[PDB]
């Protein structure tokens, strides 16, 4: 009843936002939200709470379980900075990055044999994530475990970090 405590899409309101009509969602400071998607520049979020669904400014809310906590998820990184981060490493070294504009456009950057390969992570109609079209997953963590076991689309497997 409500999102799971560790849901990556669980957000908390940093400030109160008061809705203008519908399509905007009123939220209070301290109140939890579940974010579904961002507008074109990532500045507005389609949120959902115990009161309904609608857009909210992304700068009035903050992640409760940021994916940045895993070493391989890096947050906003350009295609070129990701190549700098991967200018050393063995085959399979990798990173998931967000576009600087929309946090919804992710890529995987992967080192294989001295050069870096870049792959868009697609979100399907239902929300399933995938890189290859028949291998779709619910969570990003599941996509990277699958692509660590088997390449299946990529040039080589992902190297899952030792702990």
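Positions refer to the first chain, counted from 1.
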Check your understanding: Out of 21-29 and 148-156, which stretch has the higher average CA B-factor listed in the record?
Key -> 21-29
**Study point:** Given 58-66 and 126-134, the range whose Cα B-factors average higher in the PDB entry
**Key:** 126-134
Check your understanding: From 101, 109, 48, 39, can you pick the one with the highest C-alpha B factor in the entry?
Key -> 101
**Study point:** Entry-reported Cα temperature factor of residue 80, expressed as the chain third it lands in
**Key:** middle
